[PDB]
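Numbering (the working numbering), first residue to last: 22 to 348. Here is the structure we will look at, set down as structure tokens.
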DNA sequence: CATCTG
DNA sequence: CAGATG
Ligand SMILES: [Mg+2]
Ligand code: NA
Ligand code: NA
């Protein structure tokens, strides 16, 4: 946790770089388990050879750890922290919609910058376009003080369109957090489920409304169950308008709301532990359901959940207010 | 995993 | 349809 920090970090840099610049998935994937194992490792890795000793730890990584341990640095690491090529790929990628893949093309075309992008607004696709347009706003965290207003907003519109809607804002916002990075609303309706054959309108009608009233500004992607967009709190009495914020809306069949809701609320850490315990308690958990774990090895059959309560109960656990779902 | 591009 | 993104 700090005993092998630098090690795990450099390894991180290293891995990262393989996947993103080079297309080195194998290698990349290599650095990964390695930093993972050295991570769990209990003592102070005083040397390469010592580390080698670990699974996932071969000759090259060892060699690396050595140089690093021997000197406060790594050449290759330093060669990579320079190379404008490597750097550009790390940056272009900050643009929502631009992945590595793309980040590569652009560079090999000479687009290595924000300006490069603007000038070449043509090569960019819609999502990337927006992405570009809101670069700044996209990076700005979301203070709960807005979050509350936002939520206040979605909730009132979802309601008006249908009394039967059930909206929920998950995420860290849901978990207490003072600021979040994007709004994520869970959504269901009684009239939509596991079996029930579809109802796209279920998702579209609302989406509409939100943009009706102008909360939704752009559309990144809008499928029949997942909508990815841009929103923004109405700038009051002109002087101070709000940043544009990322937001996603997802339709969920009423029969798996809470698991989805539970799940989305996180944290990851709250998850696993929740997951792991459920396993003990003779169960199974994932995004949509909870299943009584048979003995023959495994087994399914969606136990019935009417609230986050119904879940905990199942695994016979202490109901956790969203706040305390931290770890 | 769902959506989009081309 | 593969392949990319979030
Ligand atoms: Mg968040
Ligand atoms: Na990106
Ligand atoms: Na292939």
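We put the CB at the ideal spot given by N, CA and C, even for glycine.
{"Item": "Please identify the residue among 301, 339, 343 and 280 whose C-alpha is closest to the C-alpha of residue 325.", "Value": "280"}
{"Item": "Can residue 250 and residue 259 be called in contact, C-beta distance under 7 Å?", "Value": "no"}
{"Item": "Under the DSSP definition of a beta bridge, which residues are partnered with residue 233?", "Value": "Answer is none; residue 233 lacks a bridge partner."}
{"Item": "In or out: residue 57 buried (at least 16 other Cβ within 10 Å) or exposed?", "Value": "exposed"}
{"Item": "Let me know the secondary structure DSSP gives residue 269 once reduced to three states.", "Value": "strand"}
{"Item": "Indicate the three-state DSSP secondary structure (helix, strand or coil) for residue 33 in the structure shown.", "Value": "helix"}
{"Item": "Give every residue whose Cβ lies closer than 5 Å to any heavy atom of ligand 2, listed in chain order.", "Value": "114 and 119"}
{"Item": "Taking only heavy atoms of ligand 1 into account, decide whether any of them is closer than 6 Å to the Cβ of residue 347.", "Value": "no"}
{"Item": "Sort out for me which residues DSSP pairs residue 347 with in a bridge.", "Value": "Answer by DSSP bridge pairing: none, since residue 347 is not bridged."}
{"Item": "For ligand 1, I want to know if residue 287 counts as a neighbour, meaning its beta carbon is within less than 6 Å of at least one of the ligand's heavy atoms.", "Value": "no"}
{"Item": "Pull up the distance between the alpha-carbon of residue 232 and that of residue 213, whole angstroms please.", "Value": "23 Å"}
{"Item": "Along the chain, which unbroken stretches of the beta strand (DSSP E) at least 3 residues long are found entirely within the segment 169 to 256?", "Value": "187 to 190, 204 to 210, 237 to 243 and 247 to 252"}
{"Item": "Give the DSSP bridge partners of residue 164, in chain order.", "Value": "200"}
{"Item": "For residue 325, does the three-state DSSP call read helix, strand or coil?", "Value": "coil"}
{"Item": "With contact counted as at least three CB pairs below 8 Å, one residue from each stretch, are the segment 205 to 225 and the segment 178 to 194 in contact?", "Value": "yes"}
{"Item": "How should residue 133 be labelled, buried or exposed, when 16 other C-beta atoms within 10 angstroms of its C-beta is the threshold for buried?", "Value": "buried"}
{"Item": "Where does residue 258 sit, in a helix, a strand or coil, going by DSSP?", "Value": "coil"}
{"Item": "With a threshold of 8 Å, are at least 3 pairs of Cβ atoms found where one atom belongs to the segment 106 to 118 and the other to the segment 35 to 55?", "Value": "yes"}
{"Item": "Classify residue 307 as helix, strand or coil using the three-state DSSP reduction.", "Value": "strand"}
{"Item": "Buried or exposed: where does residue 210 fall if 16 or more other Cβ atoms within 10 Å of its Cβ makes it buried?", "Value": "buried"}
{"Item": "Do you know whose CA, among 301, 270 and 330, lies nearest residue 319's CA?", "Value": "301"}
{"Item": "What is the rounded straight-line gap between the Cα of residue 51 and the Cα of residue 264?", "Value": "40 Å"}
{"Item": "Is the beta carbon of residue 202 within less than 6 Å of some heavy atom of ligand 1?", "Value": "yes"}
{"Item": "For residue 277, is the classification buried or exposed, using 16 other Cβ atoms within 10 angstroms of its Cβ as the cut-off for buried?", "Value": "buried"}
{"Item": "Nearest to residue 248 by alpha carbon, out of 224, 157, 257 and 255?", "Value": "224"}
{"Item": "To which residues does DSSP link residue 274 through a beta bridge?", "Value": "210"}
{"Item": "Confirm, please, whether the CB-CB distance from residue 59 to residue 25 is below 7 Å.", "Value": "yes"}
{"Item": "Measuring from the CB of residue 117, is there a heavy atom of ligand 1 at a distance below 6 Å?", "Value": "no"}
{"Item": "Using the Cα positions of residue 181 and residue 329, report the straight-line distance between them to the nearest angstrom.", "Value": "25 Å"}
{"Item": "What separation, rounded to the nearest whole angstrom, lies between the Cα atoms of residue 339 and residue 261?", "Value": "44 Å"}
{"Item": "I want to know whether the segment 66 to 78 touches the segment 132 to 152 - three or more CB-CB distances under 8 Å.", "Value": "no"}
{"Item": "In chain order, what residues of the same chain lie with their CB nearer than 7 Å to the CB of residue 72, ignoring the 5 residues before and after it?", "Value": "59, 66, 78, 83 and 86"}
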